[PDB]
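> Mind looking over this structure? Questions follow.
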Amino acid sequence: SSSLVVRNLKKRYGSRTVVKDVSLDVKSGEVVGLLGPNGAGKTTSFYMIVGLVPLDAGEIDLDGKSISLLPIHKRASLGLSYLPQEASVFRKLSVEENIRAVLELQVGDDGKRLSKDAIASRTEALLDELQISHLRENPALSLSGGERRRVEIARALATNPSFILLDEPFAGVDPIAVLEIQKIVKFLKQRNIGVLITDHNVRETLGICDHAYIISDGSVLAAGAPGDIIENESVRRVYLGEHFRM
Ligand SMILES: [Cl-]
């Protein structure tokens with residue numbers, strides 16, 4: 001069991017403080033949502049946690065260790081994997097090669113690079129687990145969005161992450177795709193991976209969150225189970241609307 005502990009983030013750009021004070025927690029096997037009005041702080045908060053935006057103030061601890069000053073690849077080494085909106089998998093590489101490429105770069109707990117046998121074994125495992133074994137030889141370029149998404153999870157999983165940070169996974173996707181993504185998050189949850197999601201699609205996100213934080217005016221307006229969040233009068237006034245229904 002791991003914990004990601006975020007305390008009192010602040011980010012100021014010029015004369016404008018976009019994140020005033022945001023704190024949150026994520027634990028292993030927990031799905032947490034970072035929601036709220038556009039530009040009211042949720043995104044900058046998310047990126048400070050990812051490591052794309054340096055903190056002006058605050059703390060971020062992963063298993064008791066500070067990581068707020070570390071670059072992204074260092075956070076990744078420690079178990080914090082980031083899955084951006086756009087890409088990336090190497091389009092010219094096969095599905096299998098995309099996964100192996102990650103595994104070839106890993107270092108054991110021993111401190112040693114994986115044996116050829118170990119890489120083959122883990123590749124086979126990840127292909128089966130993500131139900132994409134039929135695509136092993138396919139170039140990444142040829143994949144549907146849903147299949148590509150699965151390859152990206154596989155590449156993240158190949159680093160053996162403790163936490164996975166999803167940047168707008170539901171943006172622009174059809175209702176069928178929503179279900180696939182929710183199934184994938186549940187799969188991650190059952191693997192004892194903590195998941196942090198920021199997204200604009202309220203119902204889709206809340207629908208798989210154990211816990212959610214509503215960010216408004218650079219601060220945490222409310223936090224808790226989705227069921228309680230919806231009924232919060234402040235949240236309805238600022239964000240969801242008086243007549244919101246799931
Ligand atoms: Cl924001």
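Please note that chains go A, B, ... in the order of the structure tokens, that every chain numbers its residues from 1, and that ligands are numbered from 1 in the order shown.
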Region 45-211 of chain A: which residues are strand (DSSP E or B) by DSSP, as a list in words?
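Taking region 45-211 of chain A and keeping strand (DSSP E or B) only, one gets residues 57, 58, 59, 60, 61, 62, 65, 66, 80, 81, 82, 83, 94, 107, 113, 139, 163, 164, 165, 166, 167, 194, 195, 196, 197, 198 and 211 of chain A.
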> Within 6 Å of ligand 1 (counting only C-alpha atoms and all ligand atoms), which residues show up? I'd like them as number ranges by chain.
A: 39-44
> What's around residue 219 (chain A) at 10 Å? Count only C-alpha atoms, leave out sequence neighbours fewer than 5 positions away in its own chain, and write the answer as a list in words.
residues 8, 9, 10, 18, 19, 20, 21, 22, 23, 40, 41, 42, 45, 213 and 214 of chain A
> In Å, rounded to a single decimal, give me how far CA of residue 194 (chain A) is from CA of residue 218 (chain A).
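Interatomic distance, CA of residue 218 (chain A) to CA of residue 194 (chain A): 24.0 Å.
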> Excluding same-chain residues fewer than 2 positions from residue 60 (chain A), what lies within 6 Å of it counting only C-alpha atoms, as a PDB file with N, CA and C atoms, in the first residue's frame?

ATOM      1  N   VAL A   5       0.682  12.138  -1.167  1.00  0.00           N
ATOM      2  CA  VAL A   5       0.138  13.146  -0.265  1.00  0.00           C
ATOM      3  C   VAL A   5       0.484  14.551  -0.756  1.00  0.00           C
ATOM      4  N   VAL A   6      -0.543  15.302  -1.107  1.00  0.00           N
ATOM      5  CA  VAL A   6      -0.369  16.623  -1.680  1.00  0.00           C
ATOM      6  C   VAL A   6      -0.819  17.633  -0.647  1.00  0.00           C
ATOM      7  N   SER A  66       9.767  13.278  -0.339  1.00  0.00           N
ATOM      8  CA  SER A  66       9.396  14.464  -1.114  1.00  0.00           C
ATOM      9  C   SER A  66       9.745  14.301  -2.585  1.00  0.00           C
ATOM     10  N   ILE A  67       8.818  14.646  -3.466  1.00  0.00           N
ATOM     11  CA  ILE A  67       9.120  14.554  -4.882  1.00  0.00           C
ATOM     12  C   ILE A  67       8.795  15.827  -5.646  1.00  0.00           C
ATOM     13  N   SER A  68       8.355  16.849  -4.927  1.00  0.00           N
ATOM     14  CA  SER A  68       7.917  18.078  -5.564  1.00  0.00           C
ATOM     15  C   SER A  68       9.004  18.764  -6.393  1.00  0.00           C
TER      16      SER A  68
END
> Using only C-alpha atoms, pick whichever of A:150, A:191, A:100, A:122 has the shortest atom-to-atom distance to residue 135 (chain A).
A:150
> If we count only C-alpha atoms and set the cut-off at 6 Å, which residues sit around residue 163 (chain A), ignoring sequence neighbours fewer than 4 positions away in its own chain? Please answer as a list in words.
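The residues that qualify are residues 80, 193, 194 and 195 of chain A.
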> For the residues in the current selection, export C-alpha atoms as an mmCIF file, in the first residue's frame.

data_model
loop_
_atom_site.group_PDB
_atom_site.id
_atom_site.type_symbol
_atom_site.label_atom_id
_atom_site.label_comp_id
_atom_site.auth_asym_id
_atom_site.auth_seq_id
_atom_site.Cartn_x
_atom_site.Cartn_y
_atom_site.Cartn_z
ATOM 1 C CA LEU A 80 4.392 7.799 -10.519
ATOM 2 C CA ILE A 193 -2.676 1.000 -8.434
ATOM 3 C CA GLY A 194 -3.928 4.384 -7.225
ATOM 4 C CA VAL A 195 -5.400 6.492 -10.020
#
